[PDB]
Amino acid sequence: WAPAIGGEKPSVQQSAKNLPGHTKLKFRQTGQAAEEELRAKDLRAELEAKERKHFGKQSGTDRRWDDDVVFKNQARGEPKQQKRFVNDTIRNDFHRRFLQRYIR
Amino acid sequence: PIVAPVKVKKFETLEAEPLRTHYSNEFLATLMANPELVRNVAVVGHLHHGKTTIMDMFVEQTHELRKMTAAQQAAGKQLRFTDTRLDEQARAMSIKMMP
Amino acid sequence: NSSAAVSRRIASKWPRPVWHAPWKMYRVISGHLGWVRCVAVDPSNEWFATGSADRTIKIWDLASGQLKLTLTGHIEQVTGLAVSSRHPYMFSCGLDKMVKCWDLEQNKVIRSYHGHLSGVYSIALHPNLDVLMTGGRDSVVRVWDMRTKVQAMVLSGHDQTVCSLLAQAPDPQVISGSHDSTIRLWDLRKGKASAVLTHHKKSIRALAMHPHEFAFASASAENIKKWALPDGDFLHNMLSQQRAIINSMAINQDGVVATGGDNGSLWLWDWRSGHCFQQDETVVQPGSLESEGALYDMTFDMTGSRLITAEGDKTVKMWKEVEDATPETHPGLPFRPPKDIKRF
RNA sequence: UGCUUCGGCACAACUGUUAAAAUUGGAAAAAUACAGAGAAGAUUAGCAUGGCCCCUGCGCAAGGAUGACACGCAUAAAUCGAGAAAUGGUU
RNA sequence: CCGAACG
RNA sequence: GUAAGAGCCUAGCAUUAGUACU
Ligand SMILES: Nc1nc2c(ncn2[C@@H]2O[C@H](COP(=O)(O)OP(=O)(O)OP(=O)(O)O)[C@@H](O)[C@H]2O)c(=O)[nH]1
Ligand SMILES: [Mg+2]
Ligand SMILES: [Mg+2]
Ligand SMILES: [Mg+2]
Ligand SMILES: [Mg+2]
Ligand SMILES: [Mg+2]
Ligand SMILES: [Mg+2]
């Protein structure tokens, strides 16, 4: 109904997680998207380049033994399964496979 | 990494400026331009028989590297000048000839 | 002056809307297993990170939309993401009360900022100091030393969840909006609000700075307001009401304001005139509820030409300008100045 | 103690929460006796929430009866106007 | 390999 | 049978200030 609000000698209890560690910061160097390096370039050129590369270079274009047998061709007509995402908790494919695997 | 670290590509790490020698730059520039003061010599021997170290003694007598020697006998190893590649170094072996 | 006087001034002098090319949604990315809640673009503009209700942070290729990496370290939803422009660092907050510094050279959490009493909702990196700011359900903005993990400051005064956060280098260096319906502009040296803005009637779930102007937009379920800085002078409301809880707001360098509704609406407004040139509704990915359709985060890429939206149908959606549009083929929703005489 | 024109100079420079106390007050415990345990029938695992409640613990663990408390017992009037009727003053 | 607390 | 607490009596922790007369 209402959370605790968290407003702010000093106590001398020292936590283990509060001991010195990672005591200097990494900064972005030349080569890791540093700010002075990135004013120099046209990021729209590189984005439209990479998007065009992706979007084109994904498109790829510039009587027998079985005579008494009562049923014939019963696999033909079966649906081949597809890489798809269903946003359903219980009706997606991971879940149907999971329940198939673990419940016998 | 998602942000690739900009690494010192540790292949064989040399020094960042021509060192102090008991001669100049132009003195060697002189001694090169006339064939009668230049001798080309390759140094060969068995495994370990002293080649690298003799070259090193030459370096030690004709250059300026004394505090280098102090760092060598403080760290506990004897110098290998021509054994530069720090992987040829850590086997006490000359791996590739160096002029 | 008055509401009448000012309304006549407004009928005469309102800035006309700058024509903006329409945006189209060109890419859905499926793969998060919970609501996508936060987005963050890397300063190089080549990947973005999305945090989720499935507790992971996914790193995606900004041009292919490809899952580069999944990072698990939060116990609850990832609610906020901030990629540092000056450090190879990503920061995440979550409903697990935890703020994490991810080393992007290790792909690992190297620092943790401890101290929020409830779930953390908002995060902001100071652009010039090595300081980060988080707000949460404990109604408090905790100001952290990035390096020592120390809580340098607590900005107190809000009464409900700090839901949105801005950080800038000029004063006010932190702007927060809360569920208590106020915006506080903070004096970071003094630890004190320099202004409390009470013009909103609902909770301020989105803040956005103008990339270039000294002005920010705040968004409620009831209005998007535009405020001049330093002092938080009310400039105006957007000339229309998205009749939605706005979860996210992004502002462009062209002045395209994108606001994203809890109902999955996405309206594109002209900053500077306040006029919405586009109105979209989300399509939810197959399986989803249409109740499960919110738009929880949006960012522009660094160029301003892509808008990445983090959605409640667990998709990332990407929008680009249909920039082969011209003010003749594609004007969008057309403008009538605020001709009314009204009460303010 | 040096140096000494033996006159004197030089050097050296402020301890103590001042008690062997005096009060002075506040304390946990012990016994006694009181009385003596979550949830909905019973019996029972817990994990929380909130804070001028703490205890054990090195603790950003864990535990303390789910540590306790709270927890509602809502004698929280959450309360009143609509109209006909009818009766009362006055003409 | 190998032991203490707590519940 | 927990084991919690309320209290009663008796119950050894902290303090160094303050004491006048036309
Ligand atoms: N006793 C002795 N040992 C020496 C002398 N000179 C060098 N050494 C040792 O011999 C070892 C091998 O000599 P290196 O300097 O490696 O010479 P090398 O024969 O070229 O060896 P490679 O590099 O394997 O070809 C050195 O590490 C020294 O310890 C010397 O004059 N006397
Ligand atoms: Mg519990
Ligand atoms: Mg406990
Ligand atoms: Mg029990
Ligand atoms: Mg409890
Ligand atoms: Mg337990
Ligand atoms: Mg127990």
Side-chain angles (χ1 to χ4, degrees), chain A residues 1-8 10 15-59 82-96 98, chain C residues 30-31 42-46 61-66 84-89 101 103-105 110-112 114-118 130 136-140 142 146-151 153-154 156-161 191 284-289 292 301-306 313-315 320:
Chain A
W1 295 141
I5 299 240
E8 204 154 37
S15 163
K17 316 201 171 178
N18 288 0
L19 290 139
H22 300 273
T23 50
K24 41 207 199 93
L25 293 162
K26 285 174 188 183
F27 294 91
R28 278 183 191 265
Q29 298 311 331
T30 318
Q32 358 211 254
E35 291 173 310
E36 76 285 341
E37 142 194 354
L38 265 153
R39 312 178 227 217
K41 70 186 56 194
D42 183 69
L43 282 184
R44 229 182 210 88
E46 355 215 286
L47 170 62
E48 317 307 285
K50 279 169 313 204
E51 292 218 320
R52 140 176 3 112
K53 155 172 105 72
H54 163 248
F55 270 118
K57 264 167 28 85
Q58 75 151 332
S59 192
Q82 306 118 288
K83 167 176 226 204
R84 57 160 65 212
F85 203 91
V86 171
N87 197 18
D88 207 310
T89 312
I90 56 165
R91 273 154 203 108
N92 55 102
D93 271 348
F94 180 98
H95 191 69
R96 293 194 40 108
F98 175 88
Chain C
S30 293
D42 155 70
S44 62
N45 212 47
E46 52 198 45
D61 200 51
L62 198 132
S64 35
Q66 217 250 331
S84 208
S85 272
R86 301 154 54 223
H87 320 261
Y89 288 161
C101 176
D103 210 329
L104 299 173
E105 311 185 333
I110 51 132
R111 305 188 173 92
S112 260
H114 172 79
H116 277 279
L117 273 34
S118 320
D130 308 304
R137 296 220 281 112
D138 36 314
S139 319
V140 113
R142 295 182 142 110
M146 273 177 46
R147 207 183 46 87
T148 55
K149 296 112 106 137
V150 146
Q151 209 197 262
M153 209 163 255
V154 179
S156 274
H158 282 302
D159 289 299
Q160 295 157 64
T161 315
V284 287
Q285 68 167 310
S288 330
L289 229 42
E292 273 230 328
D301 75 333
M302 306 302 306
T303 82
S305 36
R306 301 316 191 238
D313 69 332
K314 317 159 150 93
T315 49
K320 53 184 208 206

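Just so it is clear: chains get the letters A, B, ... in the order the sequence lines come, proteins before strands, and each one is counted from 1.
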Measuring heavy-atom distances to chain C, does A/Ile5 have an atom under 4.5 Å in its side chain, in its backbone, in both, or in neither?
-> both
For the candidates C/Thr148, C/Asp103, C/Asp61, which exhibits the highest count of non-hydrogen atom pairs separated by less than 4.5 Å from chain A?
-> C/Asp103
Among C/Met146, C/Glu105, C/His114, C/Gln151, residue most engaged with chain A (heavy-atom pairs, under 4.5 Å) = C/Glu105
Locate the shortest heavy-atom distance separating C/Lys149 from A/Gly21; write the atom from each residue and the value.
-> NZ-O, 3.6 Å
How close do A/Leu43 and C/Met302 get, heavy atom to heavy atom, and via which atoms?
-> CD1-CB, 3.9 Å
Find the one option among C/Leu104, C/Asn45, C/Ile110, C/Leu117 whose heavy-atom pairs under 4.5 Å with chain A are most numerous.
-> C/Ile110
Please flag which part of A/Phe55 lies under 4.5 Å from any non-hydrogen atom of chain C: side chain, backbone, both or neither.
-> side chain
What part of C/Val154 is in contact with chain A, defined as an atom under 4.5 angstrom from a non-hydrogen atom: side chain, backbone, both or neither?
-> both
Contact part of A/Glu51 toward chain C, heavy-atom cut-off under 4.5 Å: side chain, backbone, both or neither?
-> both
Heavy-atom pairs under 4.5 Å with chain C, option from A/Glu35, A/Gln32, A/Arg84 with the top count = A/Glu35
Sidechain-backbone polar pair: A/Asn87 side chain, C/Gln285 backbone, donor-acceptor under 3.5 Å = no
Test salt bridge (charged side-chain N to carboxylate O under 4.0 Å, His left out) applied to A/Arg91 - qualifying residues, sequence neighbours left out = A/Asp88
Note: C/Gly287 and A/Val86 closest approach over all heavy atoms is CA-CG1, 3.9 Å
Heavy atoms only: give me the nearest A/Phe27-C/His87 pair and the separation to one decimal.
-> CE2-CE1, 3.3 Å
Tell me, for A/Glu48 versus chain C, whether the close heavy atoms (under 4.5 Å) come from the side chain, the backbone, both or neither.
-> side chain
Top contributor to chain A contacts, counting heavy-atom pairs under 4.5 Å, from C/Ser30, C/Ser84, C/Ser139, C/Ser64 = C/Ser64
In Å and rounded to the nearest 0.5 Å, what is the CG to SG distance from A/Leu25 to C/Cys101?
-> 8.0 Å
Does C/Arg137 use its side chain to pair, donor to acceptor, with the backbone of A/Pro3 at less than 3.5 Å?
-> no
Quick one: which of C/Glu292, C/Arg142, C/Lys320 has the most heavy-atom pairs under 4.5 Å with chain A, could you say?
-> C/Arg142
For A/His54 and C/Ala63 the tightest heavy-atom approach is ND1-O, 3.5 Å
Atom NZ of A/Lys17 and atom OG of C/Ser112: how far apart are they, to the nearest 0.5 Å?
-> 7.5 Å
Where is the tightest heavy-atom contact between C/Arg147 and A/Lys24, given as atom of each residue plus distance?
-> CD-CA, 3.9 Å
Interatomic distance, C/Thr303 atom OG1 to A/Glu46 atom CD [nearest 0.5 angstrom] | 10.5 Å
Name all residues meeting the salt bridge (charged side-chain N to carboxylate O under 4.0 Å, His left out) criterion together with C/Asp130; count only those two or more places apart in sequence or in a different chain, and write none if there are none.
-> C/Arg86
Give, as side chain, backbone, both or neither, the part of C/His116 having an atom under 4.5 angstrom from any heavy atom of chain A.
-> neither
Using a cut-off of under 4.5 Å on heavy-atom pairs, state which of C/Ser156, C/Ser118, C/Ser288 scores highest against chain A.
-> C/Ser288
